[PDB]
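Presented as structure tokens, the chain that follows is alone, the form deposited in one PDB entry.
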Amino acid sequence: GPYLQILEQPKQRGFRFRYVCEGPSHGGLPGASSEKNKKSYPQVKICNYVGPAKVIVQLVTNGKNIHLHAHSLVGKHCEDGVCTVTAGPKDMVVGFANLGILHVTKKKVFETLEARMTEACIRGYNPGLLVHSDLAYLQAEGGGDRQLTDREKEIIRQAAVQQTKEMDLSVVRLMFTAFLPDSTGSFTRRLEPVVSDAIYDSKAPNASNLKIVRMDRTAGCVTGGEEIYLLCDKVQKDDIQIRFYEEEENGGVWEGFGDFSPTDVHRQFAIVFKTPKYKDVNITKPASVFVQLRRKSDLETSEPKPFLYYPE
């Protein structure tokens, strides 16, 4: 039967979540292949069905238990945190550009979560899957307006109080839900929604972009233990590593880490370290290796920089 397939996922890292105070129009959530000039965006595709339909996007949690996220989606076609756009009549592919991720305050988690749960219940956008199964009977029953009862508000507040202590404000996910038309033509037939890759805030120190801005000495001796200063982006002294590596044997790898202490990490932006020992200390020609910044917890690679080992 018909389903929804994510053609291009959003970029997991590099995007910066912004609060209401930071202002508007600061960038759109880019695609996984959104290099400079080759600006791409998250794309989905409704398969096994040809014709006009609608696609909604909502923010969900990163944990095993999928639930609504207090963060919102801001931009055009987005109202109250949900972005709704009509798919092409023939191009069953849908792209999402100019999507910002509104970061909520920790104190304003409960308030925003409850408000957007109320919205998701009045609009019937997967009420039982994200809030609570007790309200999984509101699959757009009726046309348009769907006033809520008193017990339904009770369930909303119960789900909100329980999901406040379990929400990571630094990571979100995209849930794409497709809606196929019915008899009257209104988009109401809901197929299985699909969750996107995890989206990590750039303001989170454990998931930012690892970049080697500058190095004082770009070429050391094959012996090693030479002091080098590396100016970098924001890194955590207890969760940072400087890795020299070279591809060898056409398949094999050579690693080697700089010997530095967390005290040598100067205020998250600079590291004074010492070069490790190379393989062939009895080398004859200067060998070329790459250097990167690797997070010990995430094992995330920084963009490598050239480095050279010279004999003595």
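Position 1 is the first residue in the sequence shown; the rest follow in order.
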- prompt: Which is higher on average in the deposited entry, the C-alpha temperature factors of 215-223 or of 158-166?
  reply: 158-166
- prompt: Averaged over C-alpha atoms, is the B-factor higher for 108-116 or for 149-157 in this PDB entry?
  reply: 149-157
field: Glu79, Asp197, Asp238, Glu192, ranked by C-alpha B-factor: the highest one
entry: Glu192
query: Per the entry, which of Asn206, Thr184, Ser133, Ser72 tops the list for Cα B factor?
result: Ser133
statement: Split the chain's modelled residues into thirds by Cα B-factor; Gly95 lands in the middle
- prompt: In terms of the CA temperature factor given in the entry, to which third of its chain does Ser202 belong: lowest, middle or highest?
  reply: lowest
query: If you rank the chain by CA B-factor, which third does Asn250 end up in: lowest, middle or highest?
result: highest
- prompt: Sorting the chain's CA B-factors, does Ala53 end up in the lowest, middle or highest third?
  reply: highest
- line: By the entry's values, the third containing the CA B factor of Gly63 is the highest
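Here the subject shifts to the form deposited in another entry, a form of this protein not shown in this document.
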- line: Checked list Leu59, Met92, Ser208, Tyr125 for the hinge of the rigid movement between this form and the one not shown; match is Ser208
message: A 3 angstroms or greater change in CA distance between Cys232 and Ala198 is reported in that other deposited form. Closer or farther than in this form?
response: farther
field: Direction of Cα pair change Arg16-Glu303 in that other deposited form, magnitude 3 angstroms or more
entry: closer
